[PDB]
Structure formats: C-alpha cells, structure tokens
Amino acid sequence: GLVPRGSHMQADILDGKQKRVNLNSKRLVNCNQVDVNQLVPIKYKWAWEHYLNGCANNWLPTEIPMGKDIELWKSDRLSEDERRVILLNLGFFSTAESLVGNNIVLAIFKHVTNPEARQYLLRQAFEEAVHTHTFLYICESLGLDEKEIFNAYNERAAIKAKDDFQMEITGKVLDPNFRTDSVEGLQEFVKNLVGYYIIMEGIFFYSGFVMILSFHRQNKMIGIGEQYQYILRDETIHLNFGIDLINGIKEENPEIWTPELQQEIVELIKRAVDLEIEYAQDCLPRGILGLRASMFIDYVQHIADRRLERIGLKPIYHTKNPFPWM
C-alpha cells in the first residue's frame, strides 16, 4: 500500500477539505447540503450500474440495413391493414421519444439532486435521441412523408389521446415556481416519474413493441424489427432505473406514500390501460395474421399488473400474457 513521493495534490485553500462529500448525507431529492457536482463517493450503486450497462449497449440506427424492408414496403405484398399497424406505430413513436427525452431534461434532472443518478439520466436522454434518429431513418428509408408521420399525434385521435394524457400527468413540474420540498410538491414529482417511466415507457411503448416485433417474427420488415429490438433493450433499463428511482424516493421520504397517493397512481394506471386498449383497437380494427385487438386487452392488463407490483401496489387485472415470447 505504498506510493511514490508526491502522489497527492497539496491543498492551498485550508478550509477546502470540508467540502468533500459525506456519502451518507447524499439523497435522491432535496439534497442541497452537499456538492452535487462531485460524482464521488457514489452512494446509489444501482444508478451507477444502470449507467454502465446502458453505455455497453451503444448502437446506431444507420448500422441496420433496410434493403429488405424497402423492397417489401414498395411491393404489393403488404395488406392495407398491415400497413396501418406500421404507420400508426411510427406516428406514435416518432414524437413520443422526444416527449420522454424533453421531460428528462426539463422536468426530472433538476430535481434529482444526485450526481450518479444524473449520470444515468444523461445516458437515458441521449438514448431517446437515438430512438428519435431511428424514426427519422425509417421514414427516409421507406420514402414516407416524414411530416405526416411526425405530425401523427396531432392528426390521429387515439394517438392524440395518449399524448394529451401524458401532458396531464406531467403536472406542474415545468412551472418556474414548482418545488419538491413540500409533501405535495414531491408527490407531484413522483406522479411525473410514474407517468413517464411506468406509463409511457412501461405500458404505452411495450404495446407498440409487440405489434412491430410480431412482424419481425413473421420475417416482415426485419430492419424495423431489429431497430425495435435495440430500442427494447434500452427501454428495459429505462424502466428498471425509473422503478429504482421511484422506490428510492419512497424509502427516503415515506411521508409521500399515502393511501391517497397510492390510489391516485392506481387510477392513472387504469386510465393508461384504457387508452392503450383504445389505441390497439385503432391499430387493429380487423386484425392481421398473429395479432388481434382482443390479445391486447389481455397483454396491456398483464403488463400493467407487473408494473404495479414493482412499485409496491396490488395487481388489479389478473390476466395472462398472450405473448410469452416478449
């Protein structure tokens, strides 16, 4: 344990060593006693681990060949019903990624007063930018009208309904006067986390994944499928991180987790399930090979139950998973 002479930096500000961070004073929220700019010592090892795992998942949409997809798309082989599924899913995802990434930067990051958790957030937000690039790349490859696809959430009622709900559940977190140092403020902040991690990423996105990955399984639009596989790998970590963050904030601030807040979260999850079912019905008015809307009634309920359990809430639907392969 011996090191050469001169391997330490000498301080010349004599009071400065007091600013070294005490690991145990670190908190996920409302932490202003210690220096948020120093990463070390890392307290939340789960956050750092998610960061490292995310970094190991580097990919770019432009690495994925689209030749076979373009050839299929331009042919007469796809039914109009199949094209409808693809188009509605591209319309929803094209802007939803932006909504998620903007909320991380503009709502979440300020109030997560912890450097290792913020490291992960920076990785997550970049990953949402990659997902956006994906949708641009798909549109350009297939020769879709990119404005028509990206504007879908303003033109298609079942998509608009999901993102209008998302706006509601975002709450007042963007307001200049919003703070998390009240019980009510921190409850609102947690509802925003549930809205984006549990509902948007954890329910809305997983349902679109099934539709697209169902094509991939049939050897149709395999390039889009492969991109969605990479997106799913990322979203798995986004969800695990968000659940950890929610559970961590609960643990450190047990006064927020009232029966009232719990019921409010349950009610928002129910509303999200109903919207996602409506969206699946809009995607599948008749149903295509391997996919019918009735399967989504079961699937959306099933995943909602899994998300509820992860944040300490009772399952409510008790439906089986009709897509075991997911």
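Throughout, we count residues from 1 along the sequence that is shown. Each form is matched to the other, and the largest set of C-alpha atoms that superpose within 1.5 Å is called the rigid core.
With the rigid core held as the alignment frame, decide whether 133-141 or 165-173 lies farther from the shown form in 4 other deposited structures of this protein, in terms of RMS C-alpha distance.
Looking at 133-141 versus 165-173 in 4 other deposited structures of this protein, the farther one turns out to be 165-173.
Relative to the presented form, and with the rigid core used for superposition, do the C-alpha atoms of 263-271 or of 284-292 deviate more in 4 other deposited structures of this protein?
Per-stretch check in 4 other deposited structures of this protein: the more divergent one is 284-292.
Of the two stretches 56-64 and 269-277, which shows the higher Cα B-factor on average in the entry?
The stretch with the larger mean CA B-factor is 56-64.
If you take the mean CA temperature factor per stretch, which one wins between 18-26 and 303-311?
For C-alpha atoms only, the mean B-factor is higher in 18-26.
Select one of 206, 197, 150, 109: the residue whose C-alpha shows the highest B-factor in the crystal structure entry.
Of 206, 197, 150, 109, 206 has the highest C-alpha B-factor.
By the CA temperature factor listed in this entry, which of these ranks top: 95, 79, 166, 124?
Highest C-alpha B-factor among the listed residues goes to 79.
Quick check on the deposited entry: does the C-alpha B-factor of residue 245 sit in the lowest, middle or highest third of its chain?
For residue 245, the deposited C-alpha B-factor lands in the lowest third.
Once the chain's modelled residues are ordered by C-alpha B factor and cut into thirds, is residue 118 in the lowest, middle or highest one?
For residue 118, the deposited C-alpha B-factor lands in the lowest third.
For residue 216, return the chain-relative third of its C-alpha B-factor as stated in the PDB record: lowest, middle or highest.
Answer is highest: the recorded C-alpha B-factor places it there.
Please say which third, lowest, middle or highest, residue 202 falls into when its CA temperature factor is compared across its chain.
Its C-alpha B-factor, which the entry lists for residue 202, ranks in the middle third among residues of this chain.
Please place residue 185 in the lowest, middle or highest third of its chain by C-alpha B factor as given in the entry.
According to the entry, residue 185 has a C-alpha B-factor in the chain's middle third.
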